[PDB]
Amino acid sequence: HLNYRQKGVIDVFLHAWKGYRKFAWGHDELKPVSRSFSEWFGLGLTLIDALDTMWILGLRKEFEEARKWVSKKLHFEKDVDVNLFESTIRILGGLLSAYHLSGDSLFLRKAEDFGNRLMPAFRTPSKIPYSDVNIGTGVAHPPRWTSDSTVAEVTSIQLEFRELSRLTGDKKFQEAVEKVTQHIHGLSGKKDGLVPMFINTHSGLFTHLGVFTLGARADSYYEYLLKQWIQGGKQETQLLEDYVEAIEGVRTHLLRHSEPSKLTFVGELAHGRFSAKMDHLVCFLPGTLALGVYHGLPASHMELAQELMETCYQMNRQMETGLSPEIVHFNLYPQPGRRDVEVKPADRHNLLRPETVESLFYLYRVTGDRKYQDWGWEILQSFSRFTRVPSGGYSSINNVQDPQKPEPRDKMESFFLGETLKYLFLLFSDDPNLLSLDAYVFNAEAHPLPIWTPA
C-alpha cells in the first residue's frame, strides 16, 4: 500500500511528467516556463532517465508509452558528440535499470548498441578515455584546450560497463573500464587516498597536483569505489582498501566545523591551504558512508554520516526557500549576525539536485530514524512551493534566498525525475524489500543495478 507521502511524490511526478509529455515529448529536457524543450544528446534524455522511476512508482501506463517511444524512436546513429560520463550514468545506466525492472529485452538491446558506440573514447595512448565521443562518426576527442580527462568522469562509468559485459557476454566493456580502475589504483599523487581532479589521457598521470575536493570532478570516484565493491560481491579487496583509505584522508585533511552551530563539513584543499567551500554535490557523502556501514564498514563511518546528513539538511533549511544552493561556504570562526551556511550571490541557484534526498534515503534505510523522512518531506514541500510551474513541470531557480522571486531558469533537469523523486519515493517507503540494499546498487544517476551475489 502506498502511504500519504509516497502519494505526494507521485503527484509531483505526474505534474512534472504532464509538462514533459505536452511540451517536450521525446526531447532531452523540458523548459517548463516557456513550454518548450532543449536538446544536447537528442536521445530523449529525460524519458530514459525516468523509465525506472515510472516503473518503481507504479506509473505503468506512462512506462508503456515511454517504452513504445524507445522501441520506435530511439536511434543512436546521429552525428553528435556526447560526454562519456554523462552518457554512461544517464542513458546506459537508465536503460540497464529499465531492463532489469521490466524484464523487457528491448532496453538491453538499446544499451548494447549505445555502449558499443561509446567504446572509441578508450582509444587513447594511456587507455584512460577521452571526455567526448561522437556516437555516429566514431571519433572521440578531449576538450579543446587540454588532453586531460576528469577523474570522476573516468572512474564513475564502471558499474554500467561491468554490468553490460555481464549481460551481453562481450568482455570489451568490462575490460576497458577495469583497466582504468586498476591504473588509478597504482597512481602517485594522492593525499592519503584523496585524488586530484584531472588525469592526462596521453601520460596516464594525474594533473592539477595538490588540489583536493570531494565535490565536482572527484566526488563520484569515492562513491564508485564502494559501489563497485558491493556490486562485485565484496571480493575486490583493492576497491575497499582505496575507499577506506580515502575516508581516513577526508577525516584527516578536509573535515572542519562551522560557526555558530559547530556543524561538520567537508572543505577543499589547495597546496595545503584549506577552503571552507562545499558543493552541494558533496552531500552524496553521508549516504555513501551509511551505505558502506550497512555493508560492514566501520561504525566511525556512521558517526560521520550522521553529522554530514545534519549539515546537508541545514544547507537546505537555512535558505529562505528551504532549498540548498549549488555551493555553500562555512565560517570557521564566529561572524556576528551570520548563519552557518553562507552563499555567494553567484552560487544561489538550485537545479533540483538530488544529493541531500539521496543521502536521506540511505540514512533512513540504515538507521530507521524517521526524522530523515521528515527532513525529506520538508525539502519536497519546498520544491513544490517554489519551483512548480502551473502548466506542468518544475524548474531550476536562480535565487534560493528569495521566496517571493526565486526566479526560475526555465529548465527541468533529467535528474529531477531520474533521481530526486525516486529517492524521495524510496525514502518514504514502508518496505525494505523495495530495491533492497542487499540486492541492488544505485549508479551515479539513481539507476539500480543488481548485486552479483557471490560464489
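Numbering starts at 1 and runs along the sequence shown.
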Average Cα temperature factor in the PDB entry - higher stretch of 205-213, 255-263: 255-263
Mean temperature factor over C-alpha atoms, higher-scoring stretch between 388-396 and 44-52: 388-396
Residue of maximum C-alpha B factor among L226, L187, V282, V343, per deposited coordinates: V343
Largest Cα B-factor, entry values, listed residues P129, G136, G232, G193: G136
Chain thirds of CA B-factor: placement of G337: highest
Modelled-residue ranking by C-alpha temperature factor, third containing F361: middle
Modelled-residue ranking by C-alpha temperature factor, third containing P454: highest
Relative C-alpha B-factor of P32, binned into the chain's lowest, middle or highest third: lowest
Entry-reported Cα temperature factor of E64, expressed as the chain third it lands in: lowest
